[PDB]
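Asker: I have a structure I would like to understand better, so I am pasting it below and will then ask my questions one at a time.
Protein chains: 4
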Amino acid sequence: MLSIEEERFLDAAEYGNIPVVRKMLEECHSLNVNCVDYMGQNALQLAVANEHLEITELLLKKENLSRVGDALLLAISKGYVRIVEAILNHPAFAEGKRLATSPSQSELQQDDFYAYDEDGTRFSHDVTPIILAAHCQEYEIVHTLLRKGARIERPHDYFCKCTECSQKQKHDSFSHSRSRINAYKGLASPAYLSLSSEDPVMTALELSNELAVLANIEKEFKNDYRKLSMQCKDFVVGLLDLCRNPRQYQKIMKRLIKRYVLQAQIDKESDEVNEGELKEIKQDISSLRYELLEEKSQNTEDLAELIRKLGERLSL
Amino acid sequence: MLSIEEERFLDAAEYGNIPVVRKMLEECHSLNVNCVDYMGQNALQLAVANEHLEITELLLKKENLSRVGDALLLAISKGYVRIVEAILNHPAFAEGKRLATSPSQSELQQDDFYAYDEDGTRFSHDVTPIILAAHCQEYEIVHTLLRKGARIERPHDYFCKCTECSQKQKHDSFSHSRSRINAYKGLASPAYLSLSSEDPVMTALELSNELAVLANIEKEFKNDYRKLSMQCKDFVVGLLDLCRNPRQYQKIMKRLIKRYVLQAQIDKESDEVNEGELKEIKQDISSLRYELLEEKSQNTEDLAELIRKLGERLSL
Amino acid sequence: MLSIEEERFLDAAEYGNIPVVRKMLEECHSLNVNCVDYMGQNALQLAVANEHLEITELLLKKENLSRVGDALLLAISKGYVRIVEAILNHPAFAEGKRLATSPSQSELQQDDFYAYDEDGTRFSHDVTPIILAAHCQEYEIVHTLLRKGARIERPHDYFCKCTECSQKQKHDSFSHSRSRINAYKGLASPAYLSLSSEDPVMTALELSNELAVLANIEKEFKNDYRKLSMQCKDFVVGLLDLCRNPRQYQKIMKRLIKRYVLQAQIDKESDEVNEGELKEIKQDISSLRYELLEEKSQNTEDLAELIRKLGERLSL
Amino acid sequence: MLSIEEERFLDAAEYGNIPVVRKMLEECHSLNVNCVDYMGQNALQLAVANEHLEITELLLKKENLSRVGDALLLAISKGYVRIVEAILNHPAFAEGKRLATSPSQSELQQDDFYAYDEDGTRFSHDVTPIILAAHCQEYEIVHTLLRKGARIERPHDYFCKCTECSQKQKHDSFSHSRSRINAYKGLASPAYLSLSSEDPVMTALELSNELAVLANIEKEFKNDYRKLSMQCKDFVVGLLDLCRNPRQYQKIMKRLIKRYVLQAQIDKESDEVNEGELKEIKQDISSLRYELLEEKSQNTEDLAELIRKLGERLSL
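Chains as they are written, first to last, in this note's numbering: chain A, 179 to 494; chain B, 179 to 494; chain C, 179 to 494; chain D, 179 to 494.
As structure tokens, this is what we get:
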């Protein structure tokens, strides 16, 4: 099943045995990168799912064997930012990986024998931030390149083929659950009020259909909350006048962008507390533990070298 | 009542005085392992109930005097995993201790003059994980050997004798509260839908009796939540078709196992916060405190040795 | 108002500048122990109210000037235990300070120009644990000596004089709010069911009066919760039989003591989280900060001494 | 967009790279203080909004380029105290900056191209503590100088001009939301009951107007809660008599000040937990990480110097 070195390396990747991870990796043994436990653990997914930044850095140093897609979906599926910046600095990125032109075949950084598929066999990596409304990740993605599928309503060329394949329409309502959350339309492309006011007529035309109804009604609710929240955070008369309707308009829009984003980040920081955040704090404490103890052992090794030098001097 | 060394050793076992625990244990005094305070504290139960992993390792190094049963029931009664792996690596385990063939007599790793009996004088150690739905501990136990009592409904050979003894039927309803929680039937033996659908008829036949009624009704509720939750996490048509009803079936079942286990672990990590987790964090901080301070004292001792060597050189 | 050394010493007593507290105290300046800020802060009350154990130890080393009563009432008014054990090891204790024979005059370890009076000008120190139901502090106190006022109902010798003085009857209902909470009657003196069943008739005789009514009704509720909770945690028939009514009786009573105390400590550890616990965690982190940084500065001082010795050797 | 040193300095100002902040600042490069990211981040606002006290100290050491107004509004908008004391020790303060005599023009320590305006283009810095009811900050401010606008009801000299300018009346109701919260009237100027009883007639005269009604009704509710809370915390008859109506009166008022402030601080410390406090704890852990690791690297540098000295001795 599992050798001794595999269990050492996997518990090291779990619990922040960072110098032990070093002394396992820089030894040239048959290290067997991508060892999987009873579930999909993959020795890197554990490092992402437990806030181990430098372990992910050391694993991305070895670009021989990896599974980067589930790693990025873990790092976005929770509120991590540093791990996302570490994963995006990789030669399988930087205008090498897009989302629009893609068949049903799987490949590198598309999960197969996955630990978990997030939400579908055809599922973009810019869909996970918007369902979670994580803003800074969308800054990073749209600053790279806006990754939106630009969904289409029945062209019937190859869309009818995928309609005849399987339950694609769940992914259709899911793709419309992309385009109307707070974070992307608060960051997409200017005159946000125009796009916000062109959404709910389209989702009511979706409500002409009768399959996924209440979800689209909730999307209309979210659009209404957007409109009211944009009407709330206004002080002077000109703010209200251009919320009702050149350079000053774009300045006022950027001001309301800043206000809505910062009040959304305040509203995220006034909630209850999940246990995963305490899991992250415990892993921080354990990483401090192993780093400080084994670098103190390195200090004792340097003192032993100095003692050997002094003993060689005293023997002389 | 208590000597000075006993109070030192007990507060050391409480609060993570790990090098003080070392300098007490490796001295060959009359150390009096298994000293008990005002309640059952036992100098090891404090280490388990306060997240002190290395103290439990050092105490399991001395296999002279111990009380392992309450230690394992503490380590499973809370969400500890490392302490469970430390306790199970012990010569009172590894196919040396089973659960089925057992009389009413107590023995080693069966608590007597206990700090606490968990739920009964005849109570298996694989019952505590399932009431708490801790998954990884059940992976470890069933990977050792599935430990289920395989309960029986009135054979009247010796079961009638224990019926005439005492209130065994509370333990009967308790033993049926084992077999229907999420974690074990999500991990027992394949075609989980068959076992889940054979449960509620049997618990309705229990509802023919009128002693413990609402508990069995709640078990039927939990089975219904299982069935609906298994119907939720499906995407393609074949998933729904084999949830409705060879190799592909077993693959689809393992996929749904992975999905349900990971969404259950996400649902555990989105709750409120008990104070015992902050107790664990405070004990982590205190363990860091004592480790770093007294190993820094060891560093000063090494520098004092180097100073004595340099003074002996300068005197020469 | 405040000199520079006073502000240094007060912020040191707040935030865990433990070696700075050392280098202020062991210097023989006019240190002015008991400096008070804008409110009652007293340079020791800050150490108690912010979890600074070693600072309280160093302040109790200097027994020249102090204010111990408010310190003990802070340490009991929150859930501290180590600070209580540190304060009780003091020559103003250990059968030197009692609670029954006491006039209205204030003295040492009775607060005057206090930061705060807890609940009254005549208020025992064993009343604060029972309102908070902190168990281990009551173990320590009753193990020293049970400190109960043994309240009396209208003797009219000097009780009528204090009745004619002021609103003593608020303290009368408060003194009856001592004697019926979970922790003391779970730890007072055996046959707890007898005392629990003799309480509510007496509090109904208090309900014959009409001043503080709903409080006494709530005390009767708490007594009912006690009786039902004692009826819950029973397994064998003999437990129920002696809960209904020699050596085995005392054994069964001690078993139910252990069970009720441990389930009460579990029920305390499953609640929501107040911000004061995070204040304690932040003060732990700051204490680690200042200890590790300034003892690392001591290590650099020792290395500078070794460098001076090596330079004196190389000059030779 | 951003150079390499700018990204290094900004992530250092975020995450507590305190010796890296030192080695960036004390190098005499074109460091570009006040670099702004995608939103207003300003390299100091990140240090304030993430609990980095020594980074704010090092940034206030360089008084060349700064933005102090948003820094103080961040430090007061959350519950920080040490950062407020660090910011107020600055030559743009100490009776150099007032609040009453001020036109509509912006200047130093008045935000422009701000990250965020808190509540208005004319908004005093003593308004943020009272809406948050932070007590110690108001002690510091009123101990400097009470900063209240002393609002006026229609003088029509220049007040009518600002009435004709814009929506000033939102700031009028906001300025009345200053003067009636718990913290300031619990700390303003004696006979608090007189001011508390002169408030609600004035806010009912505001309720003669019909624009902001329910807010003023809530202010009357808060005044009623004040009056009832002051009536609660009384024990002797004289306390009730002077709450109903010389030296003893002022003593009793100061006693009730102490009692109400300390019970308000207890009521703040019994709430649920926001995630921003865990953000502060994570930043404490990361600051400990970088400090201890890079000062341990300094210790290794000192040992390397000692090794070079010993090698020069052994070569001799």
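Every residue, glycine too, gets a C-beta built ideally from N, C-alpha and C.
For residue 216 of chain B, return the contacting residues in chain C, with the cut-off set at a CB-CB distance below 7 Å.
Answerer: Numbered from its first residue, the second sequence carries residue 216 of chain B at position 38. Here the neighbours are 317.
Asker: Taking residue 272 of chain B as the reference, give the member of B:380, B:318, B:391 and B:424 with the closest Cα.
Answerer: For this step, residue 272 of chain B is matched to residue 94 along the second sequence. The option with the nearest alpha carbon to residue 272 of chain B is B:318.
Asker: For the stretch 200-213 of chain C, which residues have a beta carbon sitting closer than 7 Å to at least one beta carbon of chain B?
Answerer: Listed in sequence order: no entries.
Asker: Using the C-alpha atoms, what's the distance from residue 366 of chain B back to residue 325 of chain B?
Answerer: The sequence position of residue 325 of chain B within the second sequence is 147, counting from 1. The sequence position of residue 366 of chain B within the second sequence is 188, counting from 1. Those two C-alpha atoms are separated by around 10 Å.
Asker: Output the boundary residues of the alpha helix (DSSP H) element that contains residue 313 of chain C.
Answerer: The residue you call residue 313 of chain C lines up with position 135 of the third sequence. 313-322 is the span of the alpha helix (DSSP H), which, as asked, contains residue 313 of chain C.
Asker: Under 8 Å, do residue 298 of chain A and residue 349 of chain A count as touching if we go by C-beta distance?
Answerer: In the first sequence, the residue the question calls residue 298 of chain A occupies position 120. In the first sequence, the residue the question calls residue 349 of chain A occupies position 171. Yes. Within cutoff.
Asker: Closer than 8 Å is the cut-off here; do at least three beta carbon pairs connect the stretch 426-441 of chain D with the stretch 426-446 of chain A?
Answerer: The stretch 426-441 of chain D, when compared against the stretch 426-446 of chain A, does not touch it at the 8 Å Cβ threshold.
Asker: Going by other Cβ atoms of all chains shown within 10 Å of its Cβ, with 16 needed for buried, is residue 403 of chain A buried or exposed?
Answerer: The residue labelled residue 403 of chain A in the question sits at position 225 within the first sequence. It is exposed - the Cβ of residue 403 of chain A has fewer than 16 other Cβ atoms within 10 Å.
Asker: Can we say the stretch 349-359 of chain B touches the stretch 386-399 of chain B, given the rule of at least three CB pairs closer than 8 Å?
Answerer: In short, these stretches touch, since the Cβ pair count reaches three.
Asker: Would you decide whether residue 378 of chain A is buried or exposed? Buried here means 16 or more other CB atoms lie within 10 Å of its CB.
Answerer: The count along the first sequence starts at 1 and reaches residue 378 of chain A at position 200. So residue 378 of chain A ends up on the buried side.
Asker: Can you tell me where the alpha helix (DSSP H) with residue 402 of chain B in it begins and where it stops?
Answerer: For the purposes of this step, residue 402 of chain B is identified with residue 224 of the second sequence, where counting begins at 1. Taken as a continuous stretch (DSSP letters only), the alpha helix (DSSP H) holding residue 402 of chain B covers 392-410.
Asker: Rounded to whole angstroms, what is the Cα-Cα separation between residue 451 of chain C and residue 455 of chain A?
Answerer: Locating residue 451 of chain C in the third sequence gives position 273, where the first residue counts as 1. Locating residue 455 of chain A in the first sequence gives position 277, where the first residue counts as 1. Their backbone Cα atoms lie some 14 Å apart in a straight line.
Asker: Please classify residue 364 of chain B as buried or exposed, where buried requires at least 16 neighbouring CB atoms within 10 angstroms.
Answerer: Here residue 364 of chain B is taken as the residue at index 186 of the second sequence, counted from 1. Buried is the call here.
Asker: Using alpha carbons as the reference points, say which of D:444, D:411, D:446 and D:447 lies closest to residue 430 of chain D.
Answerer: Taking the first residue of the fourth sequence as position 1, residue 430 of chain D is located at position 252. Of the listed residues, the one whose Cα sits closest to residue 430 of chain D is D:411.
Asker: For residue 482 of chain A, which three-state DSSP category applies?
Answerer: Numbered from 1 along the first sequence, position 304 holds the residue referred to as residue 482 of chain A. In the structure shown, residue 482 of chain A sits in a helix (DSSP, three-state: H, G or I).
Asker: Would you mind working out which of B:371, B:279, B:473 and B:428 sits nearest residue 401 of chain B, comparing C-alpha positions?
Answerer: As a first step, residue 401 of chain B is located in the second sequence; it is residue number 223 there, counting from the start. Nearest of B:371, B:279, B:473 and B:428 to residue 401 of chain B, Cα basis: B:371.
Asker: So with CB distances below 7 Å, who are the chain D contacts of residue 320 of chain A?
Answerer: Mapped onto the first sequence, residue 320 of chain A falls at position 142. By Cβ distance, chain D contributes nothing, its closest Cβ being about 10 Å from residue 320 of chain A, past 7 Å.
Asker: Return helix, strand or coil for residue 330 of chain B, following the three-state DSSP convention.
Answerer: Residue 330 of chain B sits at position 152 when you count from the first residue of the second sequence. Residue 330 of chain B: coil per DSSP, three-state reduction.
Asker: For residue 232 of chain B, which residues of its own chain have a beta-carbon under 6 Å away from its beta-carbon, when the five flanking residues on both sides are left out?
Answerer: In the second sequence, residue 232 of chain B corresponds to position 54, counting from 1. Excluding residues within five positions, the ones whose Cβ falls inside 6 Å are 196.
Asker: In chain order, what residues of the same chain have a beta carbon less than 8 Å from the beta carbon of residue 263 of chain D, not counting five sequence neighbours either side?
Answerer: Within the fourth sequence, residue 263 of chain D is the residue found at index 85, counting from 1. Answer for residue 263 of chain D: 318, listed in chain order.
Asker: For the stretch 204-224 of chain C against the stretch 417-428 of chain D, do three or more pairs of beta-carbon atoms, one drawn from each stretch, fall closer than 8 Å, so that the two count as touching?
Answerer: Cβ pair count under 8 Å is below three, so no.
Asker: Kindly give me the distance between the Cβ atoms of residue 223 of chain B and residue 248 of chain B, rounded to whole angstroms, as I take these residues to be in contact under 8 Å.
Answerer: Indexing the second sequence from 1 puts residue 223 of chain B at position 45. Indexing the second sequence from 1 puts residue 248 of chain B at position 70. Their Cβ separation, rounded to whole angstroms, is 6 Å, which keeps residue 223 of chain B and residue 248 of chain B in contact under 8 Å.
Asker: I'd like the list of long-range same chain contacts for residue 255 of chain A, defined as Cβ closer than 8 Å, with 5 residues on each side in sequence excluded.
Answerer: Taking the first sequence and counting its residues from 1, one reaches residue 255 of chain A at position 77. For residue 255 of chain A, where only same-chain residues beyond five positions count, the Cβ hits under 8 Å are 296, 306 and 310.
Asker: Could one say the Cβ of residue 484 of chain C lies closer than 8 Å to chain D's Cβ atoms, at least one of them?
Answerer: Taking the first residue of the third sequence as 1, we reach residue 484 of chain C at position 306. It does; some Cβ of chain D falls within 8 Å.
Asker: Taking residue 245 of chain D as the query, report the chain A residues whose CB atoms sit under 8 Å from its CB, ordered along the chain.
Answerer: Position 67 of the fourth sequence, counting from 1, holds the residue named residue 245 of chain D. What residue 245 of chain D touches in chain A: nothing, since even the nearest Cβ is about 15 Å away.
Asker: Quick one: complete alpha helix (DSSP H) runs, 4+ long, within the stretch 223-252 of chain A?
Answerer: The qualifying runs are 223-226 and 231-239.
Asker: If you measure from the beta carbon of residue 450 of chain C to each beta carbon in chain D, is any gap under 8 Å?
Answerer: Position 272 of the third sequence holds residue 450 of chain C. So, interface residue.
Asker: How would you label residue 458 of chain A, buried or exposed, when you count the other beta carbons within 10 angstroms and need 16 or more for buried?
Answerer: By 1-based counting over the first sequence, the position of residue 458 of chain A is 280. Per the 10 Å Cβ criterion, buried.
Asker: According to the neighbour-count rule (16 or more other Cβ atoms, all chains shown, within 10 Å of its Cβ), is residue 313 of chain B buried or exposed?
Answerer: Along the second sequence, read from residue 1 onward, the residue named residue 313 of chain B stands at position 135. By the 10 Å Cβ count, residue 313 of chain B comes out buried.
Asker: Of all the options A:346, A:183 and A:215, which has the alpha carbon lying nearest to the alpha carbon of residue 510 of chain A?
Answerer: There is no way to answer for residue 510 of chain A, as the model of chain A reaches only from 179 to 494.
Asker: According to DSSP, is residue 336 of chain C helix, strand or coil?
Answerer: Residue mapping note: residue 336 of chain C aligns to position 158 of the third sequence, counting from 1. Three-state result, residue 336 of chain C: coil.
Asker: Looking at the unbroken alpha helix (DSSP H) that takes in residue 352 of chain D, where does it start and where does it end?
Answerer: Stepping through the fourth sequence from its first residue, residue 352 of chain D is reached at position 174. Run containing residue 352 of chain D: 347-357, per the alpha helix (DSSP H) assignment.
Asker: When you compare the CB of residue 294 of chain A with every CB in chain B, is at least one pair closer than 8 Å?
Answerer: Here residue 294 of chain A corresponds to residue number 116 of the first sequence, with the count starting at 1. It does: the Cβ of residue 294 of chain A has a partner Cβ on chain B nearer than 8 Å.
Asker: Is there a Cβ of chain B sitting closer than 8 Å to that of residue 309 of chain C, yes or no?
Answerer: As a working note, residue 309 of chain C is residue 131 in the third sequence. No, its Cβ sits nowhere closer than 8 Å to a Cβ of chain B.
Asker: Under 6 Å Cβ to Cβ from residue 293 of chain C, same chain only, skipping five residues before and after it: list those, please.
Answerer: Locating residue 293 of chain C in the third sequence gives position 115, counting from the first residue. Around residue 293 of chain C: 218, 223 and 248.
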